[PDB]
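Just one chain follows, in the form deposited in one PDB entry, and it is written as structure tokens.
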């Protein structure tokens, strides 16, 4: 495996082995008045500013230089061009990786198999807008003649999380749009509780599935059709309440949907990178096409930043290499994402898929097994919520946890003359300051002394009140969370993920880890039927199945 044999990597490791544990944030800031200026970057997108302050990280100019050298020697730049140029970098599936084409507002030609993909991309987009216009304006009618009031997206994984996270994040921009719902779990509870709140006469379903044969998605789609038909009765009315995001014309038409209402995307569009394509139809329907195009433009802006900016000042590259530093040198298993924004409550979950499904790999592009760590476990909750739940462990646990704190300067709801947002901002700032600064034993002793504690009571509590600090964080502040800014932020992390994948020499765009569980599930399905004991598996699987057969009848 390449990384471990790379000269720059070894130099980095050697340096960390010798000076790594010596790095101390408090000391670094105390001896360098220019630290913030030297370890941060402000980006003016013309539609708001984004400040990436990575100064509270365990790095020095020397460390950053070494990290940038590694990025260069790993061919991050050549790899980037290959992606943007339509080359088939998805080596195991022999496919191009072009979510950047989906939002290529510049319409600069991107050729794949001797053909520019932009024309087809724009064809679908125009098709999406036209349809969106009919639904939003009321022109489109239910089988009863009523306008659509609710839109239900049915899909799993990448066909669900992106649309859900974005519509949740851009709720303030949904004025005039129908309400949107998202069904994803095969668990019957999901579709059942969702359908109970809807009127079939004014409900529009969006079945999101490339092949249109995805078990969970199609099962849910069929259940929704039965629910609908229970009221509508006529199978021909389905074409008025169901549309598809797919390419399988036959299966779509067989379902009862009109091929005219099938919005397609391509194989170079990964599920976890597809909200920018037809998959984003529910987004466009909710916030309008102008806002949707703003979302795409934001991503496009960041794509250009990534492609034209020197590595030293390249946002995604910097985030990626800082992550490599903590993952491969410090050995940190996780990456926390803490947005101080309730609208971004599903932002961390979105990147759990985007990051983990992309880089949770162990085989390199050459077929060799890695002998080093790859993708981290991404997790988190919007602040200050999460702040009152698990920060205890971040501040005083036994784990080093890189944290990305994000927040918009301007709130969408400046209630109480901005009092709420002021407090939110203060906590956003105070937490990273606290994680960095900590509170020494002497500092805590003085507080306890001043609190009239007896020598005995003081000694008993003292160590518990000490904060060792030196806990690194990135602070990402943006003017306002608009469709454009959100687009830029999502694209920024998409590229961070891309860069790390290159450094580790893995394929960030396939997902073979899915078939094993899938094949074993299909084998078990028919065995669940009936009350006869199963003995064809390992004793555990056998035991579980038999307990299930025994208890499915139990009358509590």
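Just so we're on the same page, rigid core means the largest C-alpha set that superposes within 1.5 Å between forms. Numbering follows the first chain given and starts at 1.
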### Query
Should the higher mean CA B-factor in the entry be assigned to 63-71 or to 483-491?
63-71
### Task
Report the stretch with the higher mean CA temperature factor, choosing between 111-119 and 94-102 on the basis of the entry.
111-119
### Task
Report the option among 249, 277, 153, 189 whose CA atom has the maximum B-factor in the deposited record.
249
### Query
Considering only 270, 331, 469, 177, which residue's Cα atom bears the greatest B-factor as recorded?
177
### Query
Split the chain's modelled residues into thirds by Cα B-factor; is residue 28 in the lowest, middle or highest one?
highest
### Message
Going by the CA temperature factor in the PDB record, which third of the chain does residue 158 belong to: lowest, middle or highest?
### Response
middle
### Query
Going by the entry, which third of its chain does the Cα temperature factor of residue 42 land in?
highest
### Query
Ranked by Cα temperature factor within the chain, is residue 395 in the lowest third, the middle third or the highest third?
lowest
### Task
Could you say whether, by C-alpha temperature factor, residue 541 belongs to the lowest, middle or highest third of its chain?
lowest
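The next section is about a form of this same protein that is not shown, the form deposited in another entry.
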## Note on the structure
The residue to pick from 519, 46, 531, 31, given a Cα shift of 2 Å or more between the shown form and the other one after core fitting, is 519
